[PDB]
Each structure stands twice: as structure tokens, then as C-alpha cells.
């Protein structure tokens, strides 16, 4: 016998070990094991918490954001910060229009505005505007919260942190340039081993995704792209959107994506209550 799915969930809730591989001689020993591992997890949470109080630090997600951001600035990217609110028009330019099922999966603030489910709308707008002021590439990036109505999963959050980098009019082939920037981010994130895959997408038809052990940590694309007309873009470009919680979760080997980011139940992998 093994841990039940319910026991595995409670263990992952409190601990960041691996539990689904244990095998026991009978239910009695399985249950004794469950108590011992809950006790070990709680103790490890105590130790991490006490360690943070004695040796305070910036937040694990903030540290990752700073690590990647400084690497992108070094490559010539301007950091921008854009509103979390976006308009119905901005969504429509992504083809997220009012009669599509997807329209209802965004958090609406009123009849005209919603919480951004992605940074690309604002990034296209800012990048295009900056093109009015330079003849070279427009390189910008943002790191900020996005919001999506999601079903329960160990890798999905209603609020998650996107990194979106945008290189409009790059100095080379857009796809080769994109793979170069993906490499910069992944190395700066401490995750140099990854795979690139072509993945279907309603908004993009197909994306270039970054996967680690089959887990999506990025969707990317290159221009000239069919979305350019709606954004008044008329040049090649390289763009990529990473999920920072997912990167941090995989690197730190957190049992779930809810432990490394924004929370009032966890702090840097530790359960605090």
C-alpha cells in the first residue's frame, strides 16, 4: 500500500519532500509513516521560519525577479511597469472578444476594464509608442502580477507573476534572437536545463514554449505576427512570457506553486500557520 491521494496532498501542503513513491507493508505502517512525515515537515517549517527570523532576506520571488531583471538590463532592455487594469479594446486586439468562452475567464472590474491576464497588451502598446522615438530596436520587459480564473492545480494560481520581454526590430533573425534571450533568462533563473516545444494556442495559434520535465514555464512567439496589425506593429520582433512562480517552484523543488509566491499561508516555501 502507498499513501492515499489525500495523505499525499496533506504532506505536500506542509512539506516539500517526495511522498508518492513510498510503499508500506500494511495500512498501520502507512499511517505511522504519515504521522512521522507530518512531524518532520512541521519541524522543517519551524526551522526555516526561525532561520528567516534570525537571518532576514529579500523574498525568494523578489530575488529571482532581480536576478533576471538585471540580466535583461545588461542585454539592453528597458524595464517598464504598466497598469494591472486593461481595457476591453486591449483584450480584443489579442482576439479575446466578447462572445468567446475565454472572455468570461478574465476578472472584470466593470463593463470596460478587467485585470490583465497577460502583460502582452500593455507591452505591445508601450513598445509601439517607444518606436516613435528611436530608429533602433525597442527592448522592454516587465515583471508583474497577472490574473486568471483557474481550476485547482498544483501549477496554477489566480494571481501569478509574469515576466514579459519584448524586442521589436531585433538585430537578427527573430527566432534565433528569441532563443538567445530565453537562454539568458533561464540561466539567470538558475535553470539552464530546459526544452523548447511548439505548442498549440488559441490566442497565438502556436507558441514556442519552454518546458522542464513537461511543465510549461514560458510561452513565446516571434514577429511578423498576425496580431501585429491590431497593434500597429510593422517589423519583426521577439517576445516571451515566463511564469516566475513556476520557475521558482521547479528550482527550489517546492511541492506546489503556492509556496514560493504571494501568500498568507506560506513564506519562502514554509507553511507559517
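Positions refer to the first chain, counted from 1.
For the pair 231-239 and 25-33, the mean B factor over Cα atoms is greater in 25-33. For the pair 170-178 and 112-120, the mean Cα B-factor is higher in 170-178. Take 161, 151, 125, 164 and read off each C-alpha B-factor from the entry; 151 has the highest. Of the candidates 81, 187, 133, 139, it is 133 whose Cα B-factor is highest according to the PDB record.
Compared with the other modelled residues of the chain, the Cα B-factor recorded for residue 183 ranks in the middle third. Residue 220 sits in the lowest third of its chain by CA B factor, as recorded in the PDB entry. In this PDB entry, residue 50 carries a Cα temperature factor that places it within the middle third of its chain's modelled residues. Ranked by Cα temperature factor within the chain, residue 41 sits in the highest third according to the deposited record. In this PDB entry, the Cα temperature factor of residue 102 sits in the top third of its chain's modelled residues, the highest group.
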